[PDB]
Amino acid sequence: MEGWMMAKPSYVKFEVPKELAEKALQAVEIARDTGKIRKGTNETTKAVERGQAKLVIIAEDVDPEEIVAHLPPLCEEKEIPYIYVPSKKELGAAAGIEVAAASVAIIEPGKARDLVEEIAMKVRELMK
């Protein structure tokens, strides 16, 4: 019982292809520019709990793990798509802020409508 899970945080439930992680970041930027997003685990969690989130993006380098470890279980409970990206700094950047973001929620994709649906469908495959 070894593998990819050894090198990644325990809150990362699955491997995300590089290009797919790149699409998630682009969707965040597009949504930031033409739709509506929520930044940070606090807001992201609320959006998920309130059923507003269309997609949840979680950085893979957040420490301590408790900061976002509750997101994956909650998203699956609420049937809300979530995907991971390598850097919390980059996620912050995509979200339009100067500091890092542990997680982000896309409420209205705006022009990223189709991209978000693509991401959700692929992640759906992955989680299998």
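Start at 1 with the first residue shown and count on from there.
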| item | value |
| --- | --- |
| Given 37-45 and 73-81, the range whose Cα B-factors average higher in the PDB entry | 73-81 |
| Mean temperature factor over C-alpha atoms, higher-scoring stretch between 92-100 and 57-65 | 92-100 |
| Ranked against its chain, the third holding the CA B-factor of residue 20 | middle |
| Modelled-residue ranking by C-alpha temperature factor, third containing residue 120 | highest |
